[PDB]
Amino acid sequence: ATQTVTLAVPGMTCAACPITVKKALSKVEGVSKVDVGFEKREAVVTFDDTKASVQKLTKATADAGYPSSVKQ
């Protein structure tokens with residue numbers, strides 16, 4: 001498939017959480033795109049559910065350095 005979810009990365013590293021998380025989901029695996037929003041420490045990513053999914057998105061920012069979650 002090809003869907004996009006939002007993620008919760010409360011790392012607030014000051015202009016760093018949204019940089020490391022963005023590249024995390026963008027490189028998670030099947031991701032097709034990614035983004036971030038310091039307005040609520042969350043990262044939004046688009047991808048192909050055939051090779052990835054929310055689980056892998058939160059896992060990408062999670063391996064980036066932030067215990068995050070997802071908003072489906």
# chains A, B, ... in the order shown; residues from 1 in each chain; ligands from 1
>>> residues_around(residues="residue 48 in chain A", least_positions_apart="5", cutoff="6 Å", atoms="only C-alpha atoms", output="PyMOL selection string")
chain A and resi 1-2+30
>>> write_last_selection(atoms="C-alpha atoms", output="mmCIF file, in the first residue's frame")
data_model
loop_
_atom_site.group_PDB
_atom_site.id
_atom_site.type_symbol
_atom_site.label_atom_id
_atom_site.label_comp_id
_atom_site.auth_asym_id
_atom_site.auth_seq_id
_atom_site.Cartn_x
_atom_site.Cartn_y
_atom_site.Cartn_z
ATOM 1 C CA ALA A 1 0.000 0.000 0.000
ATOM 2 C CA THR A 2 1.048 3.661 0.266
ATOM 3 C CA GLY A 30 9.909 1.268 2.210
#
>>> select_by_dssp(residues="chain A", states="strand (DSSP E or B)", output="compact mmCIF listing (two decimals) with C-alpha atoms, in the first residue's frame")
# COMPACT_ATOMS: atom_id res chain seq x y z
CA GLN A 3 -0.09 5.49 3.41
CA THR A 4 1.24 8.20 5.73
CA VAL A 5 0.96 8.41 9.54
CA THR A 6 2.09 10.91 12.12
CA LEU A 7 4.53 10.03 14.88
CA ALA A 8 5.19 11.24 18.41
CA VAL A 31 9.26 4.88 3.28
CA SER A 32 8.48 7.11 0.32
CA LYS A 33 8.69 10.42 2.19
CA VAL A 34 8.96 11.92 5.70
CA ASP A 35 8.58 15.19 7.65
CA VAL A 36 8.45 16.72 11.15
CA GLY A 37 6.65 19.38 13.22
CA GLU A 42 5.85 14.67 16.00
CA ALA A 43 7.14 13.34 12.66
CA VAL A 44 4.84 12.63 9.70
CA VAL A 45 5.88 10.03 7.13
CA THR A 46 4.49 8.53 3.93
CA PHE A 47 5.46 5.05 2.75
CA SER A 69 4.86 6.38 18.93
CA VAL A 70 2.29 6.77 16.16
>>> atom_distance(atom1="CA of residue 53 in chain A", atom2="CA of residue 13 in chain A")
24.9 Å
>>> atom_distance(atom1="CA of residue 49 in chain A", atom2="CA of residue 16 in chain A")
26.9 Å
>>> select_by_dssp(residues="chain A", states="helix (DSSP H, G or I)", output="PyMOL selection string")
chain A and resi 17-26+54-64
>>> write_last_selection(atoms="N, CA, C and O atoms", output="mmCIF file, in the first residue's frame")
data_model
loop_
_atom_site.group_PDB
_atom_site.id
_atom_site.type_symbol
_atom_site.label_atom_id
_atom_site.label_comp_id
_atom_site.auth_asym_id
_atom_site.auth_seq_id
_atom_site.Cartn_x
_atom_site.Cartn_y
_atom_site.Cartn_z
ATOM 1 N N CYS A 17 15.508 16.808 17.114
ATOM 2 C CA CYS A 17 14.491 15.715 17.088
ATOM 3 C C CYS A 17 13.870 15.573 15.685
ATOM 4 O O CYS A 17 13.769 14.478 15.171
ATOM 5 N N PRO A 18 13.445 16.682 15.118
ATOM 6 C CA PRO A 18 12.801 16.662 13.778
ATOM 7 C C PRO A 18 13.808 16.394 12.651
ATOM 8 O O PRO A 18 13.427 16.168 11.522
ATOM 9 N N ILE A 19 15.080 16.422 12.930
ATOM 10 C CA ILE A 19 16.077 16.170 11.851
ATOM 11 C C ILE A 19 16.447 14.690 11.821
ATOM 12 O O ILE A 19 16.504 14.056 10.783
ATOM 13 N N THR A 20 16.697 14.150 12.973
ATOM 14 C CA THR A 20 17.076 12.728 13.088
ATOM 15 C C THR A 20 15.854 11.851 12.850
ATOM 16 O O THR A 20 15.939 10.794 12.259
ATOM 17 N N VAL A 21 14.712 12.277 13.302
ATOM 18 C CA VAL A 21 13.507 11.458 13.086
ATOM 19 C C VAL A 21 13.145 11.493 11.604
ATOM 20 O O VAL A 21 12.910 10.478 10.985
ATOM 21 N N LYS A 22 13.121 12.657 11.026
ATOM 22 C CA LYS A 22 12.780 12.756 9.577
ATOM 23 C C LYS A 22 13.618 11.770 8.761
ATOM 24 O O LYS A 22 13.098 11.007 7.973
ATOM 25 N N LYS A 23 14.910 11.783 8.928
ATOM 26 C CA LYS A 23 15.759 10.847 8.136
ATOM 27 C C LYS A 23 15.570 9.400 8.599
ATOM 28 O O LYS A 23 15.842 8.472 7.868
ATOM 29 N N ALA A 24 15.110 9.202 9.802
ATOM 30 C CA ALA A 24 14.915 7.816 10.309
ATOM 31 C C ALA A 24 13.802 7.114 9.531
ATOM 32 O O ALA A 24 13.985 6.042 8.987
ATOM 33 N N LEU A 25 12.651 7.710 9.475
ATOM 34 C CA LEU A 25 11.524 7.088 8.736
ATOM 35 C C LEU A 25 11.788 7.141 7.236
ATOM 36 O O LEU A 25 11.380 6.275 6.490
ATOM 37 N N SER A 26 12.482 8.147 6.792
ATOM 38 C CA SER A 26 12.786 8.254 5.343
ATOM 39 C C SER A 26 13.761 7.146 4.962
ATOM 40 O O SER A 26 13.877 6.773 3.812
ATOM 41 N N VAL A 54 3.532 1.987 10.020
ATOM 42 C CA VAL A 54 3.707 2.759 11.282
ATOM 43 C C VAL A 54 4.726 2.066 12.194
ATOM 44 O O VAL A 54 5.622 2.689 12.721
ATOM 45 N N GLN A 55 4.599 0.784 12.385
ATOM 46 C CA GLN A 55 5.564 0.067 13.264
ATOM 47 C C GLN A 55 7.002 0.432 12.879
ATOM 48 O O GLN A 55 7.822 0.750 13.718
ATOM 49 N N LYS A 56 7.314 0.376 11.613
ATOM 50 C CA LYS A 56 8.698 0.704 11.165
ATOM 51 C C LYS A 56 8.962 2.216 11.230
ATOM 52 O O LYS A 56 10.089 2.641 11.390
ATOM 53 N N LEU A 57 7.949 3.035 11.122
ATOM 54 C CA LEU A 57 8.191 4.503 11.198
ATOM 55 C C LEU A 57 8.618 4.859 12.620
ATOM 56 O O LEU A 57 9.687 5.389 12.848
ATOM 57 N N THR A 58 7.792 4.550 13.579
ATOM 58 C CA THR A 58 8.146 4.840 14.992
ATOM 59 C C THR A 58 9.458 4.134 15.329
ATOM 60 O O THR A 58 10.221 4.585 16.158
ATOM 61 N N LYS A 59 9.729 3.027 14.686
ATOM 62 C CA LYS A 59 10.990 2.304 14.964
ATOM 63 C C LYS A 59 12.160 3.064 14.347
ATOM 64 O O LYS A 59 13.270 3.016 14.836
ATOM 65 N N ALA A 60 11.921 3.771 13.274
ATOM 66 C CA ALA A 60 13.014 4.540 12.636
ATOM 67 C C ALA A 60 13.391 5.726 13.524
ATOM 68 O O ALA A 60 14.544 5.926 13.850
ATOM 69 N N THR A 61 12.425 6.498 13.948
ATOM 70 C CA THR A 61 12.753 7.639 14.844
ATOM 71 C C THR A 61 13.172 7.064 16.186
ATOM 72 O O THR A 61 13.945 7.643 16.930
ATOM 73 N N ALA A 62 12.677 5.898 16.475
ATOM 74 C CA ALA A 62 13.036 5.226 17.748
ATOM 75 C C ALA A 62 14.517 4.859 17.712
ATOM 76 O O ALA A 62 15.216 4.947 18.702
ATOM 77 N N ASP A 63 15.006 4.471 16.565
ATOM 78 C CA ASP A 63 16.446 4.127 16.450
ATOM 79 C C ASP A 63 17.235 5.401 16.161
ATOM 80 O O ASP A 63 18.449 5.424 16.220
ATOM 81 N N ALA A 64 16.545 6.471 15.872
ATOM 82 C CA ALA A 64 17.235 7.754 15.605
ATOM 83 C C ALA A 64 17.672 8.340 16.940
ATOM 84 O O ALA A 64 18.666 9.033 17.039
#
>>> atom_distance(atom1="CA of residue 9 in chain A", atom2="CA of residue 65 in chain A")
9.1 Å
>>> closest_residue(among="A:67, A:51, A:72, A:12", to="residue 39 in chain A", atoms="only C-alpha atoms")
A:12
